[PDB]
Ligand SMILES: CCCCCCCC(=O)OC[C@H](COP(=O)(O)O[C@@H]1[C@H](O)[C@H](O)[C@@H](OP(=O)(O)O)[C@H](OP(=O)(O)O)[C@H]1O)OC(=O)CCCCCCC
Ligand SMILES: CCCCCCCCCP(=O)(C(C)C)C(C)C
Ligand SMILES: [Ca+2]
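Protein chains in written order, with our numbering: chain A, 3 to 438; chain B, 260 to 355; chain C, 31 to 149; chain D, 8 to 89; chain E, -17 to -8; chain F, 11 to 265.
Shown next as structure tokens:
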């Protein structure tokens, strides 16, 4: 640099000095010597230098350029982005992405794959595309620098964590997968801390941001990405739990005692004339009470208990070759349950079936309908016998289902999860037992 | 102390490169003790060394063989039970 | 247990229309199973289709029982793990106070003292 | 084995699972089953910038907080000595 | 109002 | 015309009392505090002014600037907008109407010298720098105002802020210091004043800090600059320099 500065022709050519410093990665020298108020710094003049710094993995120079009056939004043209995705995108990483897409497909990885294909063969959120490009190549500092400029910072962090986790589950190369996994954990921690601070500063705005859906970063919000990535740490934070509790109680006051709500539920008239203590006219109070999710869930469990009792009554004490009214009523009730189940299946069918309890409840319906079909045939005695036995099995499975309610209770919820894990292990243990 | 040194050195060696590390690990010297690194590690019950991600990856590659490491298991099971399906689809070999 | 009992009631006989035999039959299954010589063994003995499913679900009931029996101990271990040398010290205060604030007289002679308390 | 499995905490997994339970009712129509079928029949037949600016401000504050940790090092004392 | 005040100012 | 906060065109020969009455009667309240201020956006300069604007918001202080989209004032306006997005801050830009690249008569609309739209209020001088005299007169008059509610004894406090160089900066500093009440704070020229706090030292510092500005300036201009700097330093008990919660500390110490 000293030799080139004193050449009688390079003194005026500051661009050459900047190019050489970028090539040799001299940050402090460039900041102190060339970056000064002597001359203005236009974005167009610095565009080529910024591109070169991006190519050659120069994060600190990128940060310096961004600080010194560089508009990154205007720089990321479509032609530049497609050229960068096509030429400087390593073929090894593209092969790894193909492997992940073919084997470990996801609702998100398909989106980034389509975006990459579009930019490679030939946008709304250039910053998001650049951040994805930096992430896929496990560039840490550059990814952080690009993230600092993004709008959906926490959403971008969650998406990057999910993408890195699904990329690391591949096994073509261990080192890259481990690097991606550690980077994903780092970004998850960053998002958790940032949202914790965000909720501490304010409450309503944090909830609005959390529930807010962007201009199709990945077609999902922060909560959906967090749950899809199984980011238990992020969604277990006090702010998110408070938001969930507010949604669960609804218009009802969060701090009112539970037994008061139970008494109001059983006793309708007491609701509008006392201890309900709503958070927010009399008809408004009543409608708000009856629209609360918690009251709905309590009434639904009551109705389900009544349904099971009626099921026992009609499957045990009242049965004949000819139909009886309780049986027809039970048919309507089970049809209502089936309609609700199919409504559930209508949304995210694959992911809905991925759920554990979903498997059990979905399985129950087929057995019930088979038994109901078999019962109708009264001419054959054996068919009636088999149908009644199948109804008994149906009762067993429904009573097994009834246990799901305890999840709502703070003091009782973990026990059910422990039971599920114990089932998973004891299955194999008793398998060996039965073998020997 | 020497076990820790060897573990760290081979971890760095595998991080820098993969194929050469495996060749060195399986390589037999000019009769240092008539054995390779893996044989000595197992004989000494050096559970820490042989439990490292690089060694486990090498063992998994040996176990799966020419089959792709990342293909789903149920695909392999179906190909096993159904012979014709093997050559005309989802096997997805790593390497006529 | 009630679920499996009603299922057993259904398997045994199709229908029953008396509010006495049904309740006794249902209540018999728990004690029958627990005390070891459950009539269920006698109860077990197109049949080719019905029998295997019943046997499989009986095995399911047994494995569920084992699952609960082990999960109980699993949670007890977690609960007993935490220290109690601090909670007991806290509880000791109530025991000490109960006697310290009360009149220091045994019950066989407390009533007489209680009388003097009244006046 | 059960002891080993139950040893690990579940106060975090339960919180994660609670989200599905909350969503199931939040997204669904808020009507009990005994009257849901009727409702089911009737079923058959810009602003972002305001929140995003505050998000950016909080991000800047968080970056300041995370960067301030470097001040705890003796580098500042060494610079004063220099 | 405002226009008249501004005009009077200048 | 109302740019789309408020934008007015006041001639140079205007009464400061009239402007204050217009701004106070139906636009703004009494001011507990008032501060007046391609560029190097170093982290130190990026944080000092953020702290300054936060302090102004906390105290409800007026901020006076040139009001152009080119320079640090654009950064100040952007920070003001961001904080407002996050009890309102008051920012007034002052410039020459003729100096504006485009002029529209009106509620007219201005769409992109170029003036920033972030600043809430803007004033244009009809002379043909021509606004320095008006700003100095307004600052002196405000310092002449009495506000019992203000903690500052009697008069409303006023602080001058210096971050960059140029003949305009020295002229403004000299004009402000000529008034006893105003006090100056120093963040090229800033380094010169920091180093100085007779002719040889000032000349050496000026040459070191601004190699090109001194070269371009004639000898008479350099002598005038030295005279201004000597006059400013003679009243050093008012002027304060920041060492390269510090902004609040420095402002409080100066006041
Ligand atoms: C009746 C058949 C059998 C019913 C058995 C079914 C039992 C069942 O389903 O849950 C019982 C539940 C227990 O209440 P539970 O103490 O667990 O509720 C938690 C408790 O209030 C905590 O205090 C809260 O947090 P924290 O610890 O203070 O920090 C937490 O909310 P949050 O503060 O964290 O946001 C609360 O969730 O009480 C009911 O009434 C629910 C409606 C039951 C419907 C009953 C309808 C008759
Ligand atoms: C043949 C239809 C079987 C439907 C199985 C679905 C069971 C769900 C019952 P629930 O979800 C109630 C709130 C609807 C239980 C948790 C109280
Ligand atoms: Ca479900």
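Backbone N, C-alpha and C fix where the C-beta goes; we use that ideal spot for every residue, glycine too.
Within 9 Å of the CB of residue 75 (chain D), no CB atom of chain C is found; the nearest one sits about 38 Å away.
With its beta carbon less than 8 Å from one in chain D, residue 107 (chain C) belongs to the interface.
Residue 248 (chain F) is positioned such that its CB atom lies no closer than 8 Å to that of residue 196 (chain F).
For a cut-off of 8 Å, the C-beta gap from residue 45 (chain F) to residue 169 (chain F) is around 5 Å, short enough to register as a contact.
Not one beta carbon of chain D lies nearer than 8 Å to the beta carbon of residue 246 (chain F). Residues of the region 317 to 333 of chain B with a C-beta atom less than 9 Å from some C-beta of chain A are 319, 327, 328, 329, 330 and 331, listed in chain order.
At least one heavy atom of ligand 2 sits closer than 7 Å to the Cβ of residue 363 (chain A).
For residue 421 (chain A), the closest Cβ of chain C is nearer than 8 Å.
The distance from the Cβ of residue 84 (chain A) to that of residue 124 (chain A) is about 7 Å, consistent with a contact at the 8 Å cut-off. Within chain C, 40 and 44 have C-beta atoms less than 7 Å from the C-beta of residue 390 (chain A), given in sequence order. Within 7 Å of the CB of residue 401 (chain A), the CB atoms of chain C belong to 33, in sequence order along the chain. A heavy atom of ligand 1 is found nearer than 7 Å to the CB of residue 243 (chain A). Contact check between the region 324 to 333 of chain B and the region 287 to 296 of chain B: fewer than three CB pairs, one atom from each, fall below 8 Å, which does not count as touching. Think of a sphere of 9 Å around the beta carbon of residue 43 (chain A): the chain F residues whose beta carbon falls inside it are 48, in chain order.
Inside the region 48 to 77 of chain A, DSSP marks whole alpha helix (DSSP H) runs of 4 or more residues at positions 61 to 69 and 74 to 77, from first to last along the chain. Within the same chain, Cβ atoms closer than 7 Å to the Cβ of residue 255 (chain A) are found at 279, 280 and 281, the five residues on either side in sequence being excluded. Across the structure, residue 20 (chain D) and residue 57 (chain A) are spaced so that their CA atoms are roughly 42 Å apart. In this structure residue 383 (chain A) is exposed. Its beta-carbon is surrounded by fewer than 16 other beta-carbon atoms within 10 angstroms.
Here residue 347 (chain A) is exposed: its Cβ has fewer than 16 other Cβ atoms, across all protein chains shown, within 10 Å. The Cβ atoms of residue 237 (chain A) and residue 23 (chain D) sit closer than 8 Å to each other.
What residue 31 (chain D) touches in chain F, judged by beta-carbon distance under 9 Å, is nothing: the nearest beta carbon there is about 36 Å away. Within the DSSP secondary-structure output, residue 75 (chain F) pairs in a beta bridge with F:103. Within chain D, 21, 24, 25 and 28 have C-beta atoms less than 8 Å from the C-beta of residue 409 (chain A), given in sequence order. With contacts defined by Cβ atoms closer than 8 Å, residue 170 (chain A) and residue 133 (chain A) do not form a contacting pair. For the region 219 to 237 of chain F, the set of positions with a beta-carbon nearer than 7 Å to some beta-carbon of chain A reads 222 in chain order.
With distances taken between CA atoms, residue 228 (chain A) lies nearest to A:160 out of A:160, A:276, A:110 and A:413. The beta carbons of residue 151 (chain A) and residue 129 (chain A) sit closer together than 8 Å. Closest option to residue 167 (chain F), judged by alpha-carbon separation, among F:33, F:130, F:22 and F:41: F:41. For chain A, none of the residues of the region 59 to 70 of chain F brings a beta carbon within less than 7 Å of one of its beta carbons. Checking the 7 Å criterion, the Cβ of residue 40 (chain D) is out of range of every heavy atom belonging to ligand 1. Rounded to whole angstroms, residue 183 (chain F) and residue 207 (chain F) show a C-alpha spacing of 15 Å. Taking non-hydrogen atoms of ligand 3 into account, the C-beta of residue 360 (chain A) is found less than 7 Å away from one of them. When C-beta atoms of the region 137 to 148 of chain F are compared with those of the region 24 to 44 of chain F, three or more pairs fall below 8 Å, so the two segments count as touching. When only Cα atoms are considered, residue 144 (chain A) and residue 425 (chain A) end up about 46 Å apart. Closest by C-alpha distance to residue 192 (chain F), out of F:18, F:36, F:17 and F:43, is F:43. Of the candidates A:91, A:167 and A:148, the residue whose Cα lies closest to the Cα of residue 73 (chain A) is A:148.
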